[PDB]
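>>> Let me give you the complex in parts, starting here:
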Amino acid sequence: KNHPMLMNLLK
């Protein structure tokens, strides 16, 4: 899966 939200929060 992808983790676009987590990726965005990790900057």
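Cool, the structure landed. Numbers count the residues shown, from 1 in each chain, chains lettered A, B, ... in the order given.
>>> Helices of chain A, residue ranges please.
Along chain A, the segments classed as helices by DSSP state H run A:4-9.
>>> Nearest residue to the middle of chain A?
When C-alpha atoms, centre = their mean is applied to chain A, the residue found nearest the centroid is residue A:7 (2.0 Å).
>>> and that one, what does it touch?
When the contact criterion is C-beta atoms under 8 Å, 6 or more residues apart in numbering, residue A:7 has no partners at all. All C-beta atoms are positioned from the backbone trio N, CA, C, and that covers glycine.
>>> what's the neighbour count on residue A:1?
Residue A:1 sits with 3 neighbouring residues when counted by other C-beta atoms under 10 Å.
>>> same thing with the one 5 residues further on?
Counted with other C-beta under 10 Å, the neighbours of residue A:6 add up to 8.
>>> and what of residue A:10?
7.
>>> Tell me the spacing between the residue nearest to the centre of chain A and residue A:1.
According to C-beta to C-beta, to the nearest Å, residue A:7 and residue A:1 sit 12 Å apart.
>>> got it, and residue A:11?
20 Å.
>>> next up, chain B:
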Amino acid sequence: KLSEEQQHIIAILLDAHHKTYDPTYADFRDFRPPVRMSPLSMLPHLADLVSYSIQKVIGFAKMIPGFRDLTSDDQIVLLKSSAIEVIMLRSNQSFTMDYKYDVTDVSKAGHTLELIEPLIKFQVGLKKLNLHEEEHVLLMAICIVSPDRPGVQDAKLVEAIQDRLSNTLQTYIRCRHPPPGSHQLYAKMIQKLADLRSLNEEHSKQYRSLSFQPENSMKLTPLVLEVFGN
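Putting chain B onto the chains we already have gives this:
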């Protein structure tokens, strides 16, 4: 014996924690409200509290010295696998022996005593360690940067980052935590990290069960579904 670099690491983690843990709960008013009386009446509120807290755990993690040197992929794997354990650790600060939560409340979010009894036992045992805030924030950081999480690629680097924090904690205990309080304290803190693995596993099992029903999955948040699984 605490080096300048160790004092620096501790100051960075205290501030990181202060910047991501608001003990006034000023934000809780923006969650779906707790409902109290297969109801699951507390699932919306606790899902929003957990979703909020995952955001905070991520903010804390980004500030752990060394964490920035990992690849975005490894940062992801470490956060997904630790988020529930750091929520359990950080919640020890509100734990005490609308926004106080008891056993029935957690039951009303779709969980059972198989999770809740060991979770309360963990919170009591952690509270009894009476950790300094320095120790508490080091333990959360050590929990996040664990080299044995499944899917870690560059484990050597994660290990190296964690060793720096473990060494800081061990030295802090020796230098700043007076006996008797300090007796076996590091090993006891590591045992809590082991206890958290077992809690993580049982939470995962109950989460998969409650979220398997689309009507319950509907009540979660997009971030919770992404981090804990969908």
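>>> The neighbour count of residue A:6 again please, this time with chain B.
Using other C-beta atoms under 10 Å in any protein chain shown, residue A:6 has 20 neighbouring residues.
>>> Quick check: it touching residue B:58?
Yes - Residue A:6 lies in contact with residue B:58 (C-beta atoms under 8 Å); the separation is 7.1 Å.
>>> and for these two, which residues touch both?
residue B:79 (C-beta atoms under 8 Å, 6 or more residues apart in numbering or on different chains).
>>> Count the neighbours of residue B:159 for me.
Residue B:159 has 16 neighbours, counted by other C-beta under 10 Å.
>>> quick one: contacts for the closest residue to it other than its chain neighbours?
Leaving out its chain neighbours, the residue that sits closest to residue B:159 by C-beta to C-beta, 6 or more residues apart in numbering or on different chains is residue B:147, at 4.0 Å. By C-beta under 8 Å, 6+ apart, residue B:147 lies in contact with B:155, B:156, B:158, B:159, B:162.
>>> just those residues now: which is nearest residue B:117?
Lowest distance from residue B:117 to these (C-beta to C-beta) belongs to residue B:162, with 29.8 Å.
>>> Quick check: the gap between that closest one and residue B:126.
Look at residue B:162 and residue B:126: by C-beta to C-beta, they are 20 Å apart.
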